[PDB]
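Residue numbers (the working numbering), protein chains in the order written: chain X, 785 to 1161; chain F, -18 to 62; chain S, -19 to 255; chain B, 16 to 556; chain A, 637 to 743; chain U, 361 to 817. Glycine residues also receive a C-beta, built at the ideal position from the N, C-alpha and C atoms.
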Amino acid sequence: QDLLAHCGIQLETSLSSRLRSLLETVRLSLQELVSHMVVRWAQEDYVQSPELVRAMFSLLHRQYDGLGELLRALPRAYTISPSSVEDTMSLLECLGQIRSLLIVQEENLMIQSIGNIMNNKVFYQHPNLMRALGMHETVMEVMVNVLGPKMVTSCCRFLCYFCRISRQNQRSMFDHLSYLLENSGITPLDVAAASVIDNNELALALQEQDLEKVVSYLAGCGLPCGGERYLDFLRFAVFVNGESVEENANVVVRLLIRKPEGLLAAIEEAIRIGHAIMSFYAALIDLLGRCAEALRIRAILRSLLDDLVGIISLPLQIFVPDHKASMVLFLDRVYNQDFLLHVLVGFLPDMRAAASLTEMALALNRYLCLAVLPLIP
Amino acid sequence: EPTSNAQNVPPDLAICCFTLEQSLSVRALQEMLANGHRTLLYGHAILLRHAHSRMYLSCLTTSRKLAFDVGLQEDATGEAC
Amino acid sequence: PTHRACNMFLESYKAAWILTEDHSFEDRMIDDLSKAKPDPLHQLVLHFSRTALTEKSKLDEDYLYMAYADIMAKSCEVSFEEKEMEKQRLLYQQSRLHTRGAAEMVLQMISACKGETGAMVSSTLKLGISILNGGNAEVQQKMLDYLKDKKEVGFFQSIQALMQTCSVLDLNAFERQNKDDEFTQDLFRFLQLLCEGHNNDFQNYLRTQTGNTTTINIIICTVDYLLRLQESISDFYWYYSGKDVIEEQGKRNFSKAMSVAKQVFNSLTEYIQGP
Amino acid sequence: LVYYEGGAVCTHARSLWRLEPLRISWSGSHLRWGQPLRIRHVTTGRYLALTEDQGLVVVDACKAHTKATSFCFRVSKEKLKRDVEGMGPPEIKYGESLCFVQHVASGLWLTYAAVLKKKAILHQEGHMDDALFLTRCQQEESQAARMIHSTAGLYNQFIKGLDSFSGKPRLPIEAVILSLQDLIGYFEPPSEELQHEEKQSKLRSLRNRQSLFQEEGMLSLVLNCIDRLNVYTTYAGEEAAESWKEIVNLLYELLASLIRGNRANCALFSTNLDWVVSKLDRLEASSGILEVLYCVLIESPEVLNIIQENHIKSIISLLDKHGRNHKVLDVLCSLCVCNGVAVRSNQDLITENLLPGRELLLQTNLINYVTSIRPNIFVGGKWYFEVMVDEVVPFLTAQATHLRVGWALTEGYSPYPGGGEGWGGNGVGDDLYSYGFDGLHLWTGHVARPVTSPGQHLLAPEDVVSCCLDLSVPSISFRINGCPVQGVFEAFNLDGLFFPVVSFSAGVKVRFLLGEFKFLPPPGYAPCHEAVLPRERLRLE
Amino acid sequence: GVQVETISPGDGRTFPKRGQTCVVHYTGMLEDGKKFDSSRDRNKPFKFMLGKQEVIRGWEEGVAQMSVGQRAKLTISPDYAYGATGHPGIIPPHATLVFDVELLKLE
Amino acid sequence: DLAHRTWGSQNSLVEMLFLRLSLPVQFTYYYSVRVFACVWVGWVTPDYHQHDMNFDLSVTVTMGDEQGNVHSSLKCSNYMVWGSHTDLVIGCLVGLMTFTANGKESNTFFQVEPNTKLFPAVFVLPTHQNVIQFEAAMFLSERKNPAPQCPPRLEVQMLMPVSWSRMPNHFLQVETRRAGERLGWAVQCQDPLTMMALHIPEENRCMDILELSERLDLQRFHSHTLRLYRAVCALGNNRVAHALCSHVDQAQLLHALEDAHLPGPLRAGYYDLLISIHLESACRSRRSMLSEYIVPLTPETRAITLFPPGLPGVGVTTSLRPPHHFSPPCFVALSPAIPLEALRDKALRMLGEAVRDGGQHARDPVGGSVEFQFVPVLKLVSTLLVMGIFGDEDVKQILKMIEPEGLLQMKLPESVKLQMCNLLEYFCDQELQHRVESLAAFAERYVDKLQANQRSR
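Here it is as structure tokens:
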């Protein structure tokens, strides 16, 4: 692409002269009549319809603006392969169907239209067209227009998948994170999460204020179901692509230690019983496991080995695999061979692995991919 | 609006006030009526704009005893103000 | 493929040969708007002005206003005589505007924006600076006269909120950039222009804003902005205290903060320039 | 109760205080430190005061005696002239002055006890932030506020009186009406005939005012006045209730007045809408309530989802109640659209409860002209005539081309070529007695009663209508080509002179058979050509 | 039930059959005689497959009596029309229709 | 209000009163007529144009059995009648009318209707003061829509219309070509014309809209009804639009686009209806899509040359922007259909038949103002051209109509040049269209040449 731009750097290969002829043709009798007649209407009367003025000077603007109008025009413009054009005809028409719905039974029409957009071949192939339509902004705008039900979730599915299709397109979703988090009173958070995942760039670019809003939502969890969600979004935040980014993680920890908001005994009681609580402590210890002058936060995590016993109680709780998985991830990133012998409980789970002839089929997988950690009487 | 009981039951002073928008000699008034902080002088007529509603004080026509009732007409026009 | 290269071509071409500069048009256009009960340009400024006077609370982006406020902004011993000749040309190009009330559309539009910091306010301030630039006196006279005529009071509220926003050199964000000055600079260049030419009444107008219901010292605001920028510089220096050699991104984004602080100490200098 | 409070409360009228020094004179003297004074809330009118019963409390003026209520400012927290008749030295700026507040008796400083509802309390030390700095109110808000005070007290005594004569059938009146009028004038919207800048300024002030009364609950108060006044359709004496119409009408006018500007003010009718619609059909104030409902919808997009089928049914029923009013319709237009966004359910429901009935608003469709031409002859024995048809083309344009042919008396029947009765047409008058066209049969009173005939064929460019009429005897019957079409018309007026008509529309060519018959049975009986006798020649007109 | 009544005779032979694309003009009014429809107001023929049940059942049964070129009134029963529902925004619930159908031609 | 009304005759004259009330009934309900001072109480069919004393009172109908006989008797309505202190003449109904003079059941009079409207009425020759008074469920429970509602609620619409003998009406424009040959007296006529007509259902009587202009209250109401109809179809509300097609018709809108005798606000009304009930949802769907500027690489799009070997009216079109489909209105069983190709011709024909004579400086002025003469038409043409409707040769007709290269040169009312500025804005948008498209085409060709270059490396 950049090499093609170098091909475009011909202004300072004989084709460049033909390009020069192009630009000279791009320099340009409707102009003289529009401009001067708008000048007539302006001179002659002192107009006093403000809409008329807005239009007159809109045109009077764009007539003189003969180079910049094409400039604002091009990003909306996009070229398409002749073979696949029909799908676009099945697209924009359906997209029109959401545009109408932007300005309001209808929800079935919305879900159907968005689903038809989901099924189009001209979607994976041309992400630049899709961003150029502005349609993601449209969808999110409709979602906000509703908020203040199922179709919202459909919009969430669309936004998430739209985040999944490509990263440069993911930036556009990235632009609205604070806004969507303002919209997240309660899945939209899955959308913001998908907006954060793949890009480390985006993962760093995010302002701390968003995370402040998120931990504030954590502070709203004084009694919960949403906490596992928020913690999940924090997880996709800080943990990005395996590496633990220092910048996000540090801030997230400094925020979490302020509004948190004996707890191990509550965990043990959760084991004896409501699954959202155990999932909360799991996602929390997991989030702590995704993070690691910078050394002090490690110690702050050391304050929370308080663990180990959670892994053992879980091994005696068979639900289990994810909670204990988080306890092991945290145990590894935060916290020698002798202690590893002390941990060995896991051999029992290996004995239980043959019971697949269920949930334990998931557990054997989760712990065989977590069997790597021990590698490191 | 009684004020001698200044202790236990204070007067509603918010609307006891009357700003002096203008003051003129009797003959002097008749010009502007037919058509700055100067000090008041006795024998002069004075306008009495209220400090709140800002309706000029004036004698009225309505009776409540032939005596006319006192009021606050909206505008300065007329001899009454 | 086929279409791919076409899209990459139009996209590259948009950032390449599209600039170039047809922009030379902006004067001619405006010259066409001042050619004989109000002139067309006056129609324009009165329209945007009334547009700002409306209780929109939150202003819409108004691409029109953007366009034209950008337009007017772009409207502005032999070397000595040519120098004050250009001064007269400039003062003429300002006369083309403020006599048509542009100073008022500027100032109302800034007051309208409140604490919002969209493209809007930035274009307005650039328009203000283009109407002034030279330390123009009549414009300052219309301006101050306007604010003492219509006690809109919210103008200062707006700029106060702007400087409560603004921008600082910051620290952590740079660390995020290691792995927005021009608006602040235009703002203080604006206020500096409002004071340059030594208008005592206007400077004292900044000190307190007499008749308005909410007095608002704005020099104390400018100072506070200089202080948090200051703390930001100090922080940036301590961050680089040990590294000796400076990263080029740490140079450009420190020349940035030095440019700002230069314009802001200068904005104070024109605040106190007269005795 | 007294609260420190931030955010959106600074603009409230209840967030105001009036400093009222003890001296009857020179109240406007500059605020020197340490001078005793009585603070007063502006809206309630109650003075702020210390009291043994409940500590720091706002309380009625009769209760707030000097030392219990008085306050004095200090530069700090130190406890260290008489009362000059002059203005005194200049002192406290609203900007550059962090003034501490102190009680005069107990000496307790004004601090706060510890959602943003931070209650204030007196205490001998307190937090290091007791030095509230004073900030001047705009004179307009102050005027508005004392206006709230007088308004509140007036409507309160009024409502207490309404309760005084409410449930036990056998007190301010004119003060109240004048109150409402001066209030309506205080909230009269700026005229459209005014330059933009001053208009927007006055409008913004109108927003602040309509807001300020709403924030003191004055809207809710007037709403309670209206609520308690809807009970009677007329107790009170024949004088106090004689002016009830004016009162209640001005109430809805004032009530409309508060909502015409702000969006929030009609957003607080979110729960009141069912009431507005319930009172919509009072048929007493009527238009006031209608303007209220109109003013609400135009600026409350939030208050469009709320509406149900009952409300629209009562609005269109209202249109039924009051003849025709475009005002009712603009309301319905406001029901159709918010600020811009559509409301499909609501549109559908206006549609379903209004349009399909077709028996309310004006209804329209293009109609081909009706026309008929008499063959001169006036006719009072029995008489008879034929009418051959030669050209028709029934379904040209749109309407079927009527060829109704029959009798009508001169003293009545005025076929003005449209409009008139039910979509125009022959047979609209009882004086008429036509036949042919749709199903043959009759048209009298613009009614198509289907008399049967052996064939039932419509007139075609071959048919010949065979009309009959009798003197004295009121019998009337027509035929198709000599085929009987049963007994039809009987017993009618015998005044004036009936004449043959032959109605037609669009492209039609038909021959009269008067004399020249292509066909003529002796039933009846007398040929029409004989009736051309008098002096005027036969000549269709 | 449905009460079709002939207005004017057509060819009198070629009755409609299943699956045929009937071509007609018609115009619809209520029992009050208030109009609600007219194909001539569109100035275009109305085609419809017969027995497709794309139309109200009374239309499906009543046209079958009609011959080509025939004009016939149709006093369709509501249950064969829209019945308790009523076609929204046009026909009120439980309202007998009145048509002035003209069967141009079978196809 | 027990629901009644006092009266009097304070005048030297006491000729005639026809108190025909404005609330007709269709098919218990008492209707008393109190009288302090004979009186002709009766229900009346709406059609009654007889101003005279000559009662009584101006109709039997019979059906044969292919031989005569019975199965005949019908109605006689026209309609109802009557004849030293108070009097009471109730007229209860529902079916079959019944009379009860002085509260006593002396009926057995006329009472046979199938399902026809009846105004309550009282015909009276005055005996001066307190002449008349009015009122088993109440009549009010019946007349108004919210039936039953037994308690009586007096209505504002309960008016008391006197049958004024001579109310003025429209003189009619061009009408029937009358003819009548003396050869057997064969009367003949040819070319048809149609009224722009409407009735008032609440008291049925026909009248054309052309007459309606003088009844400015009624054009107010009716234009606002049109505001309602325009309103309801806001943005893609086709579900109702199929109903409004029933309510206002297609050809009726065409005739609304024809006649210039139509009053202004109504004219803009119907022209806005054409851009609502029909051509409004589609253009709205081709606004943003027109602005998308996306383009196929098909050979027709491959030209484009920008400069012709310029002109806004060039036929290159290209791009995508999906077609605006229409499902035609029908009632037998969500985008209403129109004769578009005819309507565009009608639109341009309305353009010429306005720009021409308006350029001749006439003061009819069509709509009663120039604003009405142009705004609705320039609006219709605007949207219609935005929809991509019009062949470009007709667009050339628009440009020769405007540039010329007539209209735009003329002095104009503000709204007219507003709408004009919108249409011209569409032209400039077409200019940007052609430019972006030509640029994309050259992008295609130059990508071909350059990719051809790429394999040389």
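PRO430 of chain B counts as buried, since at least 16 other C-beta atoms from the protein chains shown sit within 10 angstroms of its C-beta. Taking CB atoms only, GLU1031 of chain X has a neighbour in chain S less than 8 Å away. Two segments are said to touch when three or more pairs of C-beta atoms, one from each, lie closer than 8 Å; by this definition the segment 599 to 613 of chain U touches the segment 621 to 639 of chain U.
Shown here for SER40 of chain B: same chain residues with a beta carbon closer than 8 Å to its own, the five before and five after excluded, namely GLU100 in chain order.
Interface with chain S (8 Å Cβ-Cβ cutoff): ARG33 of chain B is excluded. Annotation for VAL755 of chain U: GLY673 place their beta carbon closer than 6 Å to its own, counting only its chain and skipping 5 residues before and after.
One Cα belongs to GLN814 of chain U, the other to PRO682 of chain U, and the distance between them is close to 35 Å. Taken in chain order, the members of the segment 839 to 873 of chain X whose beta-carbon sits within less than 8 Å of a beta-carbon on chain U are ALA839, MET840, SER842, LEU843, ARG846, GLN847, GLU853, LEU854, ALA857, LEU858, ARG860, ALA861, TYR862, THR863, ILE864, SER865, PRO866, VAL869, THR872 and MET873. Using a Cβ-Cβ cut-off of 8 Å, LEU650 of chain U does not count as an interface residue toward chain S, since no Cβ of chain S sits closer than that to its own. The C-beta distance from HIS920 of chain X to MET957 of chain X rounds to 7 Å, short enough to meet the 8 Å contact threshold. Residues of the segment 810 to 821 of chain X with a C-beta atom less than 9 Å from some C-beta of chain U are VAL810, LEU812, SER813, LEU814, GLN815, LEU817, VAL818 and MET821, listed in chain order. Proximity to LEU137 of chain B across B:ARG359, B:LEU457, B:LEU474 and B:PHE115 peaks at B:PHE115, based on C-alpha coordinates. Out of F:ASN(-14), F:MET13, F:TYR23 and F:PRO(-17), the CA that lies nearest to the CA of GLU60 of chain F is found in F:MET13. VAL17 of chain B is a Cβ neighbour of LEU71 of chain B, given a cutoff of 8 Å.
For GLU230 of chain B, not one C-beta of chain S is nearer than 8 Å to its own C-beta.
Close CB contacts of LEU269 of chain B within its chain, under the 8 Å cut and outside five residues either way in sequence, are with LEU195, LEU198, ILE199, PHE202 and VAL237 (chain order). With respect to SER392 of chain U, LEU448 of chain U sits close: the two C-beta atoms are nearer than 8 Å.
Taking C-beta atoms as the reference points, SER518 of chain B and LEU418 of chain B count as a pair closer than 8 Å. Within the same chain, and ignoring the five residues on either side of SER492 of chain B in sequence, the residues whose Cβ sits closer than 8 Å to its Cβ are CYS483, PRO499, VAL500, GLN501, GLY502, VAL503 and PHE504. Straight-line spacing of the CA atoms in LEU47 of chain F and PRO184 of chain B works out to 38 Å. When 8 Å is used as the limit between beta carbons, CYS690 of chain U is near these residues of chain A: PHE682, in chain order.
The beta carbon of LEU1146 of chain X is closer than 8 Å to those of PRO1105 in its chain, skipping five residues each way along the sequence.
About 4 Å separates the beta carbons of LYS82 of chain B and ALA120 of chain B, which is inside the 8 Å limit, making them a contact pair. Leaving aside the five residues that flank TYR450 of chain B on each side, the residues in its chain whose CB is nearer than 8 Å to its CB run, in chain order, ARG419, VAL420, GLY421, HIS456, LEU457, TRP458, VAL480, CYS482, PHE493, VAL500 and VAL503. Within chain S, the residues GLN23 have their CB atoms less than 7 Å from the CB of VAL831 of chain X, given in chain order.
Distances from the CA of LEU1048 of chain X to each of X:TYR1119, X:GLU816 and X:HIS1107 were compared; the closest alpha carbon is that of X:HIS1107.
One thing to note: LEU795 of chain X has its Cβ within 8 Å of the Cβ of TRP(-3) of chain S. Taking a contact as a CB-CB distance under 8 Å, the pair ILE111 of chain S and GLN172 of chain S does not count as one, their CB atoms being some 14 Å apart. Only residues of its own chain outside the window of five on either side were considered, and among them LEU52, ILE54, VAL116, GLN117, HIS118 and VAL119 have a CB closer than 7 Å to the CB of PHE86 of chain B, listed in chain order.
The DSSP-derived three-state label of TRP259 of chain B is helix. Residues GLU406, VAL407, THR416 and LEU418 of the same chain have their beta carbon placed closer than 7 Å to that of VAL523 of chain B, with the five preceding and five following residues left out of the count.
Between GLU804 of chain U and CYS93 of chain S, the C-beta gap is not smaller than 8 Å, which leaves the two residues out of contact.
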